[PDB]
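Take a look at this single chain, the form deposited in one PDB entry, given in C-alpha cells.
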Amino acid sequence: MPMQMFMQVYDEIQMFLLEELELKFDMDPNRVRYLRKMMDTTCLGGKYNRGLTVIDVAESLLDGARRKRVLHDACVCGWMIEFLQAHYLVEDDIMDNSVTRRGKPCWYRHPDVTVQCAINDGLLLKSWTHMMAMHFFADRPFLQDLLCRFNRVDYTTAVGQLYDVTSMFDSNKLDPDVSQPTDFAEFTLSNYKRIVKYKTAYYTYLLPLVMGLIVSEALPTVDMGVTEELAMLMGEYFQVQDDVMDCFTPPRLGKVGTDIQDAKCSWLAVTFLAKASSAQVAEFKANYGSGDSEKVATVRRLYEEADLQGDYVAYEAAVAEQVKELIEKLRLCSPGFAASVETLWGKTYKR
C-alpha cells in the first residue's frame, strides 16, 4: 500500500522528467526512450527500503489535505534517495569492473551502452534528484534546507568511496605523481568503521529519517545528536553482519560469499588482524585475496580459530543494547519518531 503509493509517484516523477527533457531540452523520442530505459533499469528492482522509510517516518509523525501532501512529499523524497543510490551504484559498478547487479547485467555492461555514455548516464541520475526536488517542492518553505542537507549526504557518500578505494595500500605512499603498488597497513578497525560511516550509514539510515522529519515539519522536535548516533550505529551494524554472513552463512545466504577472494577490508579481516598472533597473521597474509580454493579455506579456518563468530555475537549484543537505550531517549520526547526508528532497526537486526 505504501509500495503502491510509492510506485505511482515514480510514474508521476518519470513523466515530469521525460516531458521536461522534451519540452525544455529539445530532446527527441529516440533519446527520451533511451533515458526512460536507463531510469527504469537503474532505479527499479531493489526493495526501496530507503524510500519506504521516508514514507514510514512521515506516516508515523502524522483533515485529508495535509496528510495527502505530506505523504506525497515523502514519496518524492524517497525517490530522491533511490535515484542518488542508483547514481552511485552505476558509477561504482564501472569503478569496480563488476559484471552483474540485482540479477541483471550492470548498466554499462548492457550491449548498447558504452562506458563513455554510462559514466554520464550516472551523472544524469543525480541531477534528476535536484530536478524533481526543485519541481515538486518549488513552493515549500523547506526546499533550501532539504537541498543543503541532501547535498551534504551526497558529498559524504563520495568521501566514503574515497576511503573505500584507498583501503588497499599504505596511505603514506599515496601520491598521484608516483606509480602505485596490496598490503594490509590500512586494515584497522578505525579505518573500517570510517568507510562504513560515510559510504553507507548517512544516506542509508540518517538521510531517510531526516527527510521524513523535514516533510513532516517536525525536525526541531527531535534530538538530532542521538538520531545521528542511532544512524551511525545501525549503519555500521549492517555491514558487520553482512561481512560475517558472507563468511559463515552457507549458500541460505542467497549467494557464494567472495569477500576473502576479493581481498576485502571486512570486519572479519580487520578484527582478525588486530587480535591474531604473528604466526596466524603471516598465514593470513599468505592466503588472503586469492581465488584458490584451499587458500580461501585456510582463511576461513583462521577466522574460526580466532573465534570471530564469538566476537561478532558480543559485538551484536553490545550494539543492540546501545540502540535500545538511544531509542528510549528518543521515545521520551519523540514517540512517533522513535517508533519509526525502531521499525528501521527491525529490518536490520538479525536478518
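Rigid core: the largest C-alpha set superposing within 1.5 Å between the two forms. So that there is no doubt, residue numbering starts at 1 and follows the sequence shown.
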> Quick one: across the other PDB entries of this protein we compared, is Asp175 left without coordinates in at least a third of them?
Replying inline: yes
> Hey, does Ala74 drop out of the model in a third or more of the other PDB entries compared here?
Replying inline: no
>> With respect to the deposited sequence, is there a break between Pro141 and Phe142 in this entry, and if so is it 1 to 3, 4 to 9, or 10 or more residues, or none at all?
In response: none
>> Unmodelled residues of the deposited sequence between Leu62 and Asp63: none, 1 to 3, 4 to 9, or 10 or more?
In response: 10 or more
>> Mean CA temperature factor from the deposited coordinates, higher in 270 to 278 or in 97 to 105?
In response: 97 to 105
> On average, which has the higher Cα B-factor in the deposited entry, 158 to 166 or 256 to 264?
Replying inline: 256 to 264
>> If I read the C-alpha B-factors straight from the PDB entry, which of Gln85, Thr221, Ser216, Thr129 is highest?
In response: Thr221
> Which one of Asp145, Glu236, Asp177, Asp246 shows the biggest C-alpha B-factor in the PDB entry?
Replying inline: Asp177
>> Split into thirds by Cα B-factor across the chain's modelled residues, where does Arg300 land: lowest, middle or highest?
In response: highest
> Lowest, middle or highest third of the chain for the C-alpha temperature factor of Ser293?
Replying inline: highest
> How does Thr204 rank on Cα B-factor within its chain, lowest, middle or highest third?
Replying inline: lowest
>> Is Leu330 in the lowest, middle or highest third of its chain when residues are ranked by C-alpha B-factor?
In response: highest
> Going by what the PDB entry lists, where does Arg33 fall on CA B-factor within its chain: lowest, middle or highest third?
Replying inline: middle
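Beyond what is shown, the protein has a form deposited in another entry; the following relates to that form.
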> Just one of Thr221, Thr258, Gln144, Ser127 has a C-alpha that shifts by 2 Å or more between this form and the one not shown on a rigid core fit; which is it?
Replying inline: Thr258
>> Using a rigid core superposition, assess whether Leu206 undergoes a CA shift of 2 Å or more between this form and the one not shown.
In response: no
>> How about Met234 - superposed on the rigid core, does its CA move between this form and the one not shown by 2 Å or more?
In response: no
> Relative to the superposed rigid core, does the CA atom of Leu84 travel 2 Å or more between this form and the one not shown?
Replying inline: no
